[PDB]
Amino acid sequence: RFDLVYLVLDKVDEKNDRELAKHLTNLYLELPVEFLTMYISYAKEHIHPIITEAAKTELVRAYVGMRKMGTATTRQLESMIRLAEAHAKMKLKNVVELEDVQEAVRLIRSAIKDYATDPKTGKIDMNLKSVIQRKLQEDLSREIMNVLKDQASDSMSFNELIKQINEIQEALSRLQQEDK
Amino acid sequence: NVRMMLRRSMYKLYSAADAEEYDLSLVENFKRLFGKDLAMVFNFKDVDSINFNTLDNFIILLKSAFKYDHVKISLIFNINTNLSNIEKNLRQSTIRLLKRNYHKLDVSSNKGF
Amino acid sequence: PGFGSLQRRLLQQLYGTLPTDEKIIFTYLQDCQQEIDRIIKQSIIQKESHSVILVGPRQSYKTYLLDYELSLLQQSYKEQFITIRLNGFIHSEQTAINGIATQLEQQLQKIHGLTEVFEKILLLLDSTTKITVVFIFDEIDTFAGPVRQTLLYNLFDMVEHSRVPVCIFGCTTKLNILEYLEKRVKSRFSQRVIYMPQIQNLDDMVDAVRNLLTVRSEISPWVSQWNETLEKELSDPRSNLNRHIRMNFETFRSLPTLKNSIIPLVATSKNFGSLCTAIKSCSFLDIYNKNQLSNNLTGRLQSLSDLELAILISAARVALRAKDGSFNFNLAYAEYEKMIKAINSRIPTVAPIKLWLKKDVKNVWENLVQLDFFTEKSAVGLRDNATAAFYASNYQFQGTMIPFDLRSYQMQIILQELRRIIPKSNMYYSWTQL
Amino acid sequence: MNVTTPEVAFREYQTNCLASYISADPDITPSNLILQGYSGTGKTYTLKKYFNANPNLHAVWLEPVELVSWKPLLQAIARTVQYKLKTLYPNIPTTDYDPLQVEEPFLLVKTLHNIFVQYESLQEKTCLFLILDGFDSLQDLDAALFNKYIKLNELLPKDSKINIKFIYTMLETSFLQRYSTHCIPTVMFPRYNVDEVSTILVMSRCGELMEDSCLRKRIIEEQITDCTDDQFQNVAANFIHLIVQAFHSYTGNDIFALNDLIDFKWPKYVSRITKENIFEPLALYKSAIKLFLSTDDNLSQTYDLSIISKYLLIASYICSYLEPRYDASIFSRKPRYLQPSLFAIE
Amino acid sequence: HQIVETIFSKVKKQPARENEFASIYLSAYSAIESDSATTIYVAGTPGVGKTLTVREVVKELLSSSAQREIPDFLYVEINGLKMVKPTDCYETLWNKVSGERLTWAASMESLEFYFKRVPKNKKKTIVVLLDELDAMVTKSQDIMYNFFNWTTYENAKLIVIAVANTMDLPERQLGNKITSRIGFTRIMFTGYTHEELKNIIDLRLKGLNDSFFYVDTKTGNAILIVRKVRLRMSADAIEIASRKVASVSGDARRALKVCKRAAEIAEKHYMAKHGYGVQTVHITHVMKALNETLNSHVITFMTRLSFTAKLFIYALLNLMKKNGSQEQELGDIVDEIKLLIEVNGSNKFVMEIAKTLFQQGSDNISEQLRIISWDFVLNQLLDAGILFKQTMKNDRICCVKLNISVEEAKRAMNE
Ligand SMILES: Nc1ncnc2c1ncn2[C@@H]1O[C@H](COP(=O)(O)OP(=O)(O)OP(=O)(O)O)[C@@H](O)[C@H]1O
Ligand SMILES: Nc1ncnc2c1ncn2[C@@H]1O[C@H](COP(=O)(O)OP(=O)(O)OP(=O)(O)O)[C@@H](O)[C@H]1O
């Protein structure tokens with residue numbers, strides 16, 4: 701029945717250890744809290760966000776997706802609006818946005834760390854180049870090579886190609912390396 | 138096993154026909194070997210101790226003999242208790258083969274005083 | 047009427063029975079084919095004894111190259127080469143020597159129109192020449224086993240000592256051939272192991288398909304139309320036929336397997352006019368593929384009746400609740416009884448779904464074991480060799496004596512697959528879960 | 001020559017596939033071909049119908065069901081091929097080899113080569129098909145056995161006129177999957193659907209039951225002057241449909257099981273046919289309710324035992340299912375579904 | 416057609452065991468001259484010339500017999516890996532000595548009677564070579580015993596030479612009864628050094644290195660001494692051939708084969724450039781032969797597999813690393829394949845790949861339980877010897893185990 705549970709693990713790695721050590725050791729040599748409290752008080756004081764239709768619709772799909780991987794009780798669906806309203810308040814927007822809902826869903830997923838969680842036994846991968858990565862890259866490269874010349878132009882903007890295909904940068908960079 | 142069953146059956150069948158004057186090819190060739198039709202009576206002397214899977218396979222094997230126009234087969238079942246053991250042990254497909262033409266007779270020494 | 051000649055030509059081309067003049071070698075095969083040709087002709091013409099093994103998976107056109115080379119040599123080197131064939135699947139180690147002797151006798155007779180055995184082979188060759212002997216062996220790994228290696232040992236020994244040149248070509252799917260060939264035979268073997276090349280590009284398979292389907296004889300005036308349509312369908316990467324070709328490539332890369340599906344399409348074709356329509360869309364390969372899968376678990380599960388399916392669901396439930404995953408008839412029927420009681424209990428009553452008898456269920460239980468949904472607790476299954484099969488047919492297991500209703504079974508289909516496959520419209524779909 | 005296609009219903013893909021692998025040219029037909037289908041899927045019937053539709057073909061039929069083991073399997077092949085070659089070409093003067101000398105597959109190859117040498121003077125190459133129905137039904141079978149039949153054609157002299165084009169039929173699927181990498185051209189048979197089984201049994205048994213002695217006795221007894229063979233077939237079809245709808249869940253979509261119920265219940269069903277049941281199948285069903293409520297496949320105070328015997332059995336059942344722990348607890352004055379355990383005489 | 420031989424032909428067509456030769460000859464001469472009977476035991480790795488040294492000693496003893504330094508003697512050669520049945524040894528030995536054709540049981544008794552009972556003055560000395568002695572081992576080891584036991588008889592006048600794989604085989608496998616009779620008369624052959632192999636290579640090519648040839652320009656046929680051409684093989688090429696082979700095995704035949712392969716490679720270069769003045773066999777030609785001996789086709793073969801095989805191997809490796817074990821349940825494998833397919837997003841490429849893999853990409857026919865050609869690839873990885881499986885008809889409780897190393901599969905997948 702909690703809203704968010706965070707698995708803040710510690711991994712031994714020289715690079716991250718160096719980052720943390722250099723962040724910490726130099727701090728004790730030799742926005743302000745007033746503004747932080749002012750902002751916190753103001754947001755609670757004024758904004759009362761209301762959930763929009765589009766933001767509401769994504770809740771159904773998100774909860775169903777969490778459901779079909781069965792511990793996805795109905796309690797987390799309370800959080801799927803509690804966090805959205807708080808995000809809307811933090812943005813100071815007077816309504817809850819679809820982006821706010823998606824960000825809240827992402828936050829819940831990252832807190833629980835489902836993507837690294839084994840659906841079979843609930844265990845967690847330690848590491849979180855693969856053959857599926859190779860296949861996806863190869864298929865994407867083939868499709869973009871077909872599309873870039875299927876249009877009645879020799880070339881096109883990469884933003885339009887990304888929007889056309891995703892509905903990428905490494906594949907096009909590799910093609911440029913091959914002068915395609 | 139079915140192999141030993143067929144071998145011994147054909148051995149005894151040949152021995153019996155040898156006094157007139183090992184496989185199903187003997188049954189096929191019997192009319193050309195001795196000039197007479199063959200009628201077989203099979204006496205299952207003690208059914209309860211027989212491996213019922215082997216018996217079922219043997220019955221299915223003997224079913225192939227009906228292609229011959231000169232062979233007739235009769236089956237004798239020495240049952241100690243009842244049809245219940247056979248219905249429990251044999252497959253329900255073979256029971257239907259048996260049941261199309263069967264007779265039931267109580268030969269016990271005790272019958273109504 | 048005249049299309050039949052073209053169809054027969056195409057079928058013959060597919061089956062590889064073309065005359066050696068018209069035979070084709072793929073570009074990805076040609077590099078090794080030329081090397082094999084070199085070894086063969088250096089052994090025959092230059093009279094040099096040599097030994098070679100071809101390695102690769104089955105249906106890799108492995109022995110096809112040897113057949114091509116020997117068929118080519120037969121056209122112009124009739125008296126020069128002697129061929130001996132053996133195969134380890136059929137020829138046991140007892141019959142191999144007799145096979146060699148008989149085949150040599152036949153070859154010598156048609157040409158003219177036990178160390179001493181091999182020595183007499185050499186003496187006969189010397190006395191009839193006063210001719211390189213080409214051994215071809217299928218499945219070296221079969222001879223190279225626990226059987227004490229003598230025949231191949233002698234053949235490789237003869238390479239150095241023969242007065243008449245001796246050449247050996249073998250086949251084997253195993254990549255670990257040198258493990259099977261013991262150290263003595265390894266020392267005596269020339270060790271020119273040739274691993275066959277693999278199809279490794281989509282363009283490679285497209286070119287192989289073109290080589291198979293190309294017609295280079297003007298048998299019929301529609302040969303040009305055939306080649307035109309073939310190039311039309313191979314030219315566009317998004318072609319319907321090229322779709323099947325790409326899918327086949329990406330699934331498995333053995334070309335003969337794809338030929339095994341192309342041949343039905345060609346043979347089923349009735350006339351050129353209908354062939355022109357059929358070859359383009361090519362919807363028949365889907366039918367072939369679904370037929371290939373029609374007898375797996377899904378195909379068998381799709382045909383069962385409601386009672387059979389319900390008993391299967393109950394047995395799967397019993398297995399699921401079981402740590403060992405095993406179940407018996409009694410527990411399955413008890414779960415059937417409970418599920419029917421529950422189903423009836425969820426029904427409004429009367430104001431003033449047959450629980451089948453335990454005897455009639457036996458036919459359904461037998462059917463569910465015939466169709467390989469169930470299996471015994473320790474079912475070894477099909478034995479590998481005849482010697483073990485004899486013992487298996489001799490020994491009687493516990494499962495052959497224990498009662499019908501108490502024989503333990505395990506399941507081949509897990510309830511997850513049941514719920515995935517069983518339609519939601521089925522009246523027992525709600526019981527697919529726990 | 002061109003093969004003619006048969007009209008077998010519910011198999012109109014495999015009958016077309018057989019025309020792909022079987023033809024008059026021995027240089028076209030593959031060296032092996034496997035037809036796969038479970039019991040009652042129609043494989044033997046379809047193949048026999050196809051061969052009977054094209055008499056110009058040449059074939060040998062053997063059943064491993066009769067041929068218990070592999071040695072008879074080879075011996076029958078040799079003997080039947082010898083007989084068939086004599087039958088097809090009596091004019092050619094030929095000699096004999098003993099079919100009982102085949103002890104190993106190499107000896108089969110030797111005998112086959114020796115026989116084919118005799119027919120070397122044939123005008124054209126001949127395509128011969130050897131048919132083994134139910135290859136996996138062999139009683140003594142192993143995985144290495146089938147490999148010996150795949151790669152056998154190429155041990156023959158490839159220039160010989162007589163080419164053996166083996167044909168196999170298989171029942172199981174755990175058998176065929178062991179040989180997937182060989183890419184043998186395979187034709188598949190699925191289980192018949194319920195509608196298919198219903199149509200096939202009607203097509204098959206209608207004429208069998210329209211002429212049985214019992215019904216034509218009962219018609220005479222009941223003086224049915226207006227009875228016609230068309231109505232006879234309709235009565236038989238009603239009987240078959242009733243059995244199917246009553247026992248499909250009991251038998252499945254199996255042709256063999258339903259046939260035997262049709263045979264058994266047929267006399268008893270006939271006994272209820274009267275003057276009033278000629279035109280109302282509903283009334284006949286009502287009269288025959290007790291026949292449908294019971295399968296009657298059963299072969300039929321169940322066990323006559325002395326009191327000592329009954330008490331011994333009662334005690335034995337307790338022994339075989341009660342833990343040894345509780346004997347002193349229960350009997351001294353001081373589980374329904376599992377397999378029974380052992381117990382001592384004491 | 417005429418047999419065309421190029422300049423490299425004589426190189427392919429074409450001294451280091453004197454201490455072993457002297458030791459064997461000294462023991463053989465002492466036993467034969469004394470009219471005694473004894474057993475000689477020979478062991479060593481294949482390819483070190485054990486048989487060749489024995490043949491050289493026997494030929495020299497025949498020459499000594501021709502000079503009548505030693506009396507006449509008979510030589511019989513028998514190899515263990517050449518007989519069809521073990522009982523044929525008794526028939527063969529009696530046939531070569533007496534000319535009879537009796538059965539193995541009668542021949543063995545005849546041999547036993549002959550060596551033991553026949554007077555010495557009524558015999559000719561018999562020397563028997565039992566090549567591949569360890570291949571004649573039967574259940575009762577009678578061949579290992581009887582042949583050596585006959586040498587203990589003073590009336591036998593029989594010399595038996597045995598070649599086996601190991602020196603301590605009588606102690607390791609045979610009983611003390613046979614071990615005592617064999618005794619100390621054992622000789623071991625050690626593999627050649629690289630310099631010895633280099634010397635042997637040069638010995639075979641003594642008259643061919645730096646030699647001139649007359650080569651027909653139209654056909655390439657060469658005659659040892677139409678234009679004048681010279682041939683050479685680099686000493687560095689021979690050195691690397693000898694060093695690499697000596698580091699692998701002592702087999703002398705491998706060195707000869709390597710030079711033959713190197714000559715063939717140089718011959719291919721000569722033919723390719725001419726398309727039918770010193771032809772130096774460069775070290776690259778030898779290194780090509782050495783590389784093909786060392787390089788394994790396993791890695792490239794695995795990298796050349798279809799996507800299905802690589803996916804299967806990757807799933808198996810992931811299961812091994814998750815489980816900490818090597819073998820995995822087959823149903824677990826087919827479930828992990830689905831997990832790995834579905835762990836990715838719902839992208840259109842992922843959808844198409846899944847449709848192709850799981851339901852053949854068919855138009856409407858779908859709902860398969862396992863990926864297409866799963867059985868095909870499972871049998872392909874097993875017939876190639878890469879993948880091992882234990883046999884049960886319960887498809888999902890069986891175990892699948894790897895034959896290749898745990899390290900090289902990841903290397904192949906990472907390429
Ligand atoms: N004489 C032939 N004529 C035509 N095609 C042939 C001939 N011999 C073999 N083939 C072809 O060989 C293919 C079957 O595989 P193939 O014979 O190459 O394997 P293999 O070398 O026997 O394999 P393995 O490794 O099992 O020994 C088929 O496509 C078939 O057409
Ligand atoms: N399409 C059909 N039309 C008519 N009858 C059919 C059809 N299909 C099957 N049958 C009938 O079904 C019967 C089933 O027996 P079949 O000959 O197929 O046995 P089988 O499956 O080969 O044998 P086994 O199970 O013993 O290996 C056939 O004998 C035939 O009478």
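Residue numbers (PDB author numbering), protein chains in the order written: chain 4, 701 to 730, 742 to 781, 792 to 849, 854 to 892, 903 to 915; chain C, 138 to 158, 183 to 274; chain D, 47 to 159, 177 to 193, 210 to 431, 448 to 529; chain E, 1 to 300, 320 to 353, 373 to 384; chain A, 416 to 429, 450 to 660, 677 to 727, 769 to 907. Even for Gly, the Cβ is constructed at its ideal location relative to N, Cα and C.
In the three-state DSSP reduction, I99 (chain D) falls in the strand class (E or B). The Cβ of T95 (chain E) sits no closer than 7 Å to any Cβ of chain A. Secondary structure of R552 (chain A) (DSSP, three-state): helix. In the displayed model, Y375 (chain E) falls within coil according to three-state DSSP, outside both helix and strand.
Secondary structure within the segment 310–381 of chain D: the alpha helix (DSSP H) runs of 4 or more consecutive residues, fully enclosed, are 319–330, 334–347, 351–360, 363–371, 376–380 (chain order).
In this structure, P335 (chain D) has its beta carbon less than 6 Å from a heavy atom of ligand 1.
Residue-level contact by beta carbon holds for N214 (chain C) and chain D, with a gap shorter than 7 Å. Closer than 6 Å to some heavy atom of ligand 2: that does not describe the Cβ of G159 (chain D). At least one CB of chain D lies nearer than 7 Å to the CB of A143 (chain E).
About 7 Å separates the Cβ atoms of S384 (chain D) and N253 (chain E), confirming a contact at the 8 Å cut-off. Comparing alpha-carbon positions, the option among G62 (chain D), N321 (chain D), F216 (chain D), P65 (chain D) lying closest to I99 (chain D) turns out to be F216 (chain D). Residue environment for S296 (chain D): exposed (fewer than 16 other C-beta atoms within 10 angstroms of its C-beta).
Distances from the alpha-carbon of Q911 (chain 4) to those of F883 (chain 4), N891 (chain 4), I890 (chain 4), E764 (chain 4) put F883 (chain 4) closest.
Annotation for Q889 (chain 4): the continuous alpha helix (DSSP H) segment containing it runs 883–891.
Rounded to the nearest whole angstrom, the CA to CA distance from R322 (chain D) to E512 (chain D) is 29 Å. Listed along chain C, the residues sitting closer than 7 Å to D263 (chain E) by beta-carbon distance are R261.
For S225 (chain C), the nearest beta carbon of chain E is closer than 7 Å to its own beta carbon.
Taken atom to atom, the span from the alpha-carbon of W301 (chain D) to that of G40 (chain E) is near 45 Å. Boundaries for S235 (chain C): no alpha helix (DSSP H) harbours it, while the beta strand (DSSP E) harbouring it runs 232–238, taken from the DSSP string. Annotated as proximal: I561 (chain A) and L509 (chain A), with beta-carbon spacing under 7 Å. Per DSSP, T772 (chain A) lies in no alpha helix (DSSP H) segment; the continuous beta strand (DSSP E) that holds it begins and ends at 770–773.
Counting along the chain, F624 (chain A) sits inside no alpha helix (DSSP H); it lies in the beta strand (DSSP E) bounded by residues 621–624.
For ligand 2, the residues with a Cβ under 6 Å from any of its heavy atoms are, in chain order, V8 (chain E), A9 (chain E), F10 (chain E), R11 (chain E), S39 (chain E), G40 (chain E), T41 (chain E), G42 (chain E), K43 (chain E), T44 (chain E), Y45 (chain E), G134 (chain E), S137 (chain E), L171 (chain E), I200 (chain E), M203 (chain E), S204 (chain E), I255 (chain E).
For ligand 1, a non-hydrogen atom lies closer than 6 Å to the CB of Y110 (chain D). Using a Cβ-Cβ cut-off of 7 Å, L501 (chain D) counts as an interface residue toward chain E, since at least one Cβ of chain E sits closer than that to its own.
The C-beta distance from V208 (chain C) to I240 (chain C) rounds to 6 Å, short enough to meet the 8 Å contact threshold. Contact annotation, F195 (chain C) with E157 (chain C): C-beta distance approximately 6 Å; criterion of less than 8 Å satisfied.
At least one heavy atom of ligand 1 lies closer than 6 Å to the C-beta of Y107 (chain D).
One Cα belongs to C127 (chain E), the other to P26 (chain E), and the distance between them is close to 5 Å. The segment 59–71 of chain E makes no contact with the segment 86–99 of chain E: fewer than 3 CB pairs, one atom from each, lie closer than 8 Å.
If you ignore the 5 residues before and after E312 (chain D), its C-beta comes within less than 6 Å of the C-beta of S318, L320, all in its own chain and listed in chain order.
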